[PDB]
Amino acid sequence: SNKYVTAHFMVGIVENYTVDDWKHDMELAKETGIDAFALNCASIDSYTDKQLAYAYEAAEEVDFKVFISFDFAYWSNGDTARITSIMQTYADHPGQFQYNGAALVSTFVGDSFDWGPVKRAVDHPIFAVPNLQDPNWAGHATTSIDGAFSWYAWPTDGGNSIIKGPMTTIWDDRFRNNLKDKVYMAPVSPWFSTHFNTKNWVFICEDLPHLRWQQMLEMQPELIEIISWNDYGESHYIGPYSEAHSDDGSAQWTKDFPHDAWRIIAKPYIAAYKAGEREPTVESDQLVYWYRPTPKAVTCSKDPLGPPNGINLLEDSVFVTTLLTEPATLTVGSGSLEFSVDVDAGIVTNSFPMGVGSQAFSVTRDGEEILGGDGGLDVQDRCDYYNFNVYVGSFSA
């Protein structure tokens, strides 16, 4: 079979993409180690058939792969006929991601969608790994599935309480015990913060951009899907902020908040995971940092939406992942405060109390400053709008 890493791509926000915009995304996906984009599309978008076409063409031109994620918040069980005709077009397309000789197909929800009639009407074999909510259902589904994709990327206990971290693998283990002789696609997400009038909460992630990958080496799922490449609206994008996507409102908390440096962390772990290593290998000294724009208690001045649910469980911290070939001393300035920790060789995340004002990072070995600089955003104690996304940046020696 081999191991593969996919990334969740929001087709709904790229109405105006060209083939070239797609190729730029997949090129940056390729150089992270990602094998394929899950193209998350909706029945209600007039641009779905066009943009699926562009994505598969782009995949073919840059030798990336793609598979379709039928987003069943929009698709319905009564859409079988359409879904079949789409699979007929793309299951045997050269750009279609193939898992064990079959066209991978997944979904967002759609636990009840029967893939049997789709599979029977398409010549080319299909490998159906829908997103399922219940591990028990994943182990006994009657819908002709070949594995399950868990959306449990963040700490949760089973209810609609926001719970503290850190992330545990409890839900992965429940899924895995039910999927014995089937495939498990584990989710990997750095972050979660959403601020729409139809959804306004955070999950408690913190060191999640690093720790989740550590869990992937322990657990070795058959597949990984990164949530997400470009879902700006829920703040878990690790892809670039593309000029051509259509803003859904999330520009407010994503436009000046690059997340690209998180691909610096994912890259060594994607390689280790595909190689079956238990520990990543650091090739050069780098540093990744992330922090929210304000302390969590800063009441904003203008926001037509309330503060997000769950923010009292966040910590006011600056997070720093160092990827070093030899041990060193990490020094962090956060506003008026300064901290220092010795940090070992390898990939290591530390958290520092967040202070209002300038952020500065330095890594020294013997007496040599090996890398360092100012964080790209000042922490503030005022805000117009509740922004619980994070700014991410990096230094590379």
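Note that residue numbering begins at 1 and tracks the sequence as displayed.
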If you average the CA temperature factors over each stretch, which comes out higher, 249-257 or 283-291?
283-291
Comparing average C-alpha B factors as deposited, tell me which of 116-124 and 76-84 sits higher.
116-124
I'd like to know which of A186, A103, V109, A244 has the highest C-alpha temperature factor in the PDB entry.
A103
Pick out which of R174, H236, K296, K182 has the highest C-alpha B-factor in the PDB entry.
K182
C383: C-alpha B-factor third of its chain, per the entry, is the highest
Using the B-factors in the PDB entry, rank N40's C-alpha atom against the chain and give the third, lowest, middle or highest.
lowest
Entry-reported C-alpha B-factor of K50 relative to its chain, by third, is lowest
Assert third(CA B-factor, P353) within chain per record equals lowest
For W22, return the chain-relative third of its C-alpha B-factor as stated in the PDB record: lowest, middle or highest.
highest
